[PDB]
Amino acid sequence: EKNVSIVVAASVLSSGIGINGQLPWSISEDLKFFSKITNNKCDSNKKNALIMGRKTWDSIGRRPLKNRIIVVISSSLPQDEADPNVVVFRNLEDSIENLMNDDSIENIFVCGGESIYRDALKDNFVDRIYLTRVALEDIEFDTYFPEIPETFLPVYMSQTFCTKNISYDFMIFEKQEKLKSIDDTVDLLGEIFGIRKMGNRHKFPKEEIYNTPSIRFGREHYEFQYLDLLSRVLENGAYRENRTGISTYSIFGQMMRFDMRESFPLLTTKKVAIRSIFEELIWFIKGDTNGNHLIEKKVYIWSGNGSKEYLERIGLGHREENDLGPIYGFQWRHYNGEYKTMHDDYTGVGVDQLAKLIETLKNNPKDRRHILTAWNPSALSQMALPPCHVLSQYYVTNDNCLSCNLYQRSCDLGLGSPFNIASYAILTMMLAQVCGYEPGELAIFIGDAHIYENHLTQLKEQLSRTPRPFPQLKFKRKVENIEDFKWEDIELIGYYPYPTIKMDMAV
């Protein structure tokens, strides 16, 4: 008995693997993965066997692979014994003569197109699947990878990588069949001390609220940094009241990291309105607090906090309909500026923090003070809503990459959080291009991480969806000033999300 694994690279939705006798793409890093995963062995005096079909054998030029024995399944190829690195069998069952015989073969790999993939799964020969999901779906396929049967469970999902603006990840599927004393001692201490033991205040989420719970040790995909935060809130969130009529389940002190070098952290478990995120971000940068400029561009996310009824409730009945007051983008461009109304001209007033940030980022990159704040206690009472994303710090690595850290005092995990993840990712990328750097990492530190109680059935639905590789975000042109970005200048490549989920905002 030995191991039999499948190596395959299929598209993310339709699981396409080929077209016209060749691959639908050209990803060199994926081929290197095929090389290292099929050459990985222990016994130096043994080799691995790679089973493939005839049409696949033709697609690789009918030439052997170094240090590996290729097994071709064909009904016509002559069983020539001249080449010891290439052997031909008449059927897939007989080809698996390496389990009970031929001790020179250590591991077995299946990689031979739809015919061999489907027959290897139907006849129950495969123990493990190495899947490379490619984010390409509006192209033509003629051979597909069969749907993974229910007997397999995912145990690993890598981060999203990029090659020629093509997103792809790497997954491992295992076939289900059926320290030791440290966990017991911790459980006993949790019975003695109830809430006195901090571990009992941060309980690990139950399987029923854990997204794809079979992936236990391989939660590398950074969308899990958000999905696992939802699970931790559903498990430990305290039922609390707030200024709105809608209570939340809240915990305090959480973080989540995202990579921006090889992907863009736009959630795939739900179709996120990327256009509204951008139009809000450019709305901040331009220094604008007029809420009508977003409604004029069909962006209604700031309508609730800018109605005549809401403004009179918080004591701002003297303002216009959508006069949100000095908020994000007024502390960015005119910090400590005497705010009047949304119609006045504030050019030159206040401290232009964003400009000083951009100028400092290229003139002194290793400076430890690249900070953009929005918490002005002298102007909180004039704001329609105090800042949620309060403070952000920026950092230039040695390889000329721009990372970003954000502190968020209050995080609506249902609506605001997916917006804040993408918004500050775009902002860092904008700052990276204007300063001549590359995107780095994104860390978001959260204070009051909460779920509104009317989002429970929606967020539980979102947790039932296994994530997909992140898309790519590229800029079409180089701008001279950061205020010059437009929505047409943004290209979103390879975004194949799950259907959108409607959730109401608590005003």
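The term rigid core refers to the most C-alpha atoms you can superpose between the two forms while keeping them within 1.5 Å. Numbering starts at 1 and runs along the sequence shown.
Engineer: Core-aligned, which moves more in 9 other deposited structures of this protein: 96-104 or 401-409, by CA RMS?
Structural biologist: Clearly, after the core fit, the stretch farther away in 9 other deposited structures of this protein is 96-104.
Engineer: Which segment is farther from the shown form on average in 9 other deposited structures of this protein after a rigid core fit, 179-187 or 378-386, going by CA atoms?
Structural biologist: The more displaced stretch in 9 other deposited structures of this protein turns out to be 179-187.
Engineer: Out of 222-230 and 307-315, which one has CA B-factors that are higher on average in the deposited record?
Structural biologist: Result: 307-315.
Engineer: Taking the mean of the C-alpha B-factors per stretch from the entry, tell me the winner out of 345-353 and 423-431.
Structural biologist: Stretch with the higher mean C-alpha B-factor: 345-353.
Engineer: Check the PDB entry and point out which of 412, 296, 114, 259 has the largest C-alpha temperature factor.
Structural biologist: Comparing C-alpha B-factors across 412, 296, 114, 259, the top value belongs to 296.
Engineer: Tell me, please, which of 253, 199, 287, 213 has the highest C-alpha B factor according to the deposited entry?
Structural biologist: Among 253, 199, 287, 213, the PDB entry lists the largest C-alpha B-factor for 287.
Engineer: Quick check on the deposited entry: does the C-alpha B-factor of residue 6 sit in the lowest, middle or highest third of its chain?
Structural biologist: Lowest third, going by the recorded CA B-factors of the chain.
Engineer: Against its chain's modelled residues, does residue 52's Cα B factor rank lowest, middle or highest third?
Structural biologist: Middle third.
Engineer: If you rank every modelled residue in this chain by C-alpha B factor, which third holds residue 237: lowest, middle or highest?
Structural biologist: It belongs to the middle third of the chain when residues are ordered by C-alpha B-factor.
Engineer: C-alpha B factor of residue 278, ranked within the chain: lowest, middle or highest third?
Structural biologist: Answer is highest: the recorded C-alpha B-factor places it there.
Engineer: Going by what the PDB entry lists, where does residue 63 fall on CA B-factor within its chain: lowest, middle or highest third?
Structural biologist: Ranked within chain, residue 63 CA B lands in the highest tercile.
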